[PDB]
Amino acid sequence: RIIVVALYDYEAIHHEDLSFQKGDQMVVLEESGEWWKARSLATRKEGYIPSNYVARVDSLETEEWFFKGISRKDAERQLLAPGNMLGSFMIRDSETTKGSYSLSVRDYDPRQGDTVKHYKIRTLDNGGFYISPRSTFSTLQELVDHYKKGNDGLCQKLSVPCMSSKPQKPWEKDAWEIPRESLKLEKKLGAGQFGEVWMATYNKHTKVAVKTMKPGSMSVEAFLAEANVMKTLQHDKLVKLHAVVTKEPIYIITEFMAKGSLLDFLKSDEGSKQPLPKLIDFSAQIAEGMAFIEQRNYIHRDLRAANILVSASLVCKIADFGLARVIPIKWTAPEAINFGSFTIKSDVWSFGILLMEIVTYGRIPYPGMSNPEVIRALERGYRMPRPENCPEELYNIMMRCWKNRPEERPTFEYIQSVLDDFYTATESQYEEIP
């Protein structure tokens, strides 16, 4: 008999899903991935729940101050998000020391400003935890209680856990292919050569974006096999593919991103208020999604700010992964223009051009130059000059992306790592403490 507790409130919106409140316990009847079948102990109702809204009773996940599967760089992002404060903290899974835990605390340095600091939490036998050998605790819960009153060596005494908002509800179960009838397409957001993008609603309670495909050269079955495969390549930095309407014209359904494209966003008023570190943070999120593509041995083919989407919390996600592989020379590598050699390394070239888009708040690449003019300039070894608000070191990344030989271009794994810690010396990623 397996009992889970509700981490968040959930209101049912489908046929068989259960509503519940935070703290509700439930008996697990089935584990089916995204949705579990359960019995509420509160309502005695049987039905489906999102499994990301529950954790085993008394597991660490149930604690306000604990964040499962969260990286150094995400801890920092979350802790730097609106809603938090000096001393805001989390205990999380250690990223570099598998099986152990780390503390992340919101701090403030005069010389640099709001920062997040990291402390290794240490474990062995005894089942105990210490950050510094003298100060020892039986449970993680005792550790947090300590560094809540007074900062015994810590940069900052702990105040309140980091802020969590509720996770995205998973798409309805068994609803990869849906009837068109399930959709209300409410606002045309854009339209072009291959179809349209619309703001829609799926069965009344879910806002989605819908891409409608003009019937083209491509087959129907040939288009769905790619979507089918693309849907399995889920990542936090790729827009979520939810569903498809298989009858012509093909509708593609993704999560809705509140801020539209990175390009429009950068050019908006709020866009122009983003300081360089944030612009750098955006690049790092994009590099992360591309690291993932890279590691799975895939290729985007059409990387640029028009194909990056911004959520309302300002999370960047790569869009149109898969599409340019079924179906703009200024973002394309010379080998790809000249011979059609598209590779992860030609995506790397595109990433450098996008990095320039971000630093220039959406200015077109090679301003005042035509496509032909660009082709020849690059052949003569020209590169865009460093803009004003661009640190030399950020510009060197761009230059490395634009090496004429594709083999000499960095990997996205290395770009991400450079972008992630652009203001942090390796030695300084984790605080010391006697």
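C-alpha atoms forming the largest set that superposes within 1.5 Å between two forms make up the rigid core. So that there is no doubt, residue numbering starts at 1 and follows the sequence shown.
With 209-217 and 97-105 as candidates, the stretch whose CA atoms show the greater average offset from this form in 8 other deposited structures of this protein after a core fit is 209-217. Looking at 13-21 and 412-420, the one farther from the shown form in 8 other deposited structures of this protein by average CA distance, after a rigid core fit, turns out to be 13-21. Across the other PDB entries of this protein whose models span the neighbouring residues, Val229 is modelled without exception, so it is unmodelled in far fewer than a third. Across the other entries compared, none leave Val144 without coordinates where the residues on each side are present, so it is far from a third. Per the record, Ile178 and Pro179 follow each other directly, and no deposited residue is missing between them. Higher mean CA temperature factor, per the PDB entry, when comparing 314-322 with 119-127: 119-127. Checked against the record, the higher mean CA B factor of 221-229 and 304-312 lies with 221-229.
Among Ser182, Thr206, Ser346, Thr96, the highest C-alpha B-factor recorded in the PDB entry belongs to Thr96.
Ranked by Cα temperature factor within the chain, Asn371 sits in the highest third according to the deposited record. Ranked by C-alpha B-factor against the other modelled residues of its chain, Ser165 falls in the highest third. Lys240: CA B factor lies in the lowest third for its chain, per the PDB record. In this PDB entry, the Cα temperature factor of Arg380 sits in the top third of its chain's modelled residues, the highest group. Compared with the other modelled residues of the chain, the Cα B-factor recorded for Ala191 ranks in the middle third.
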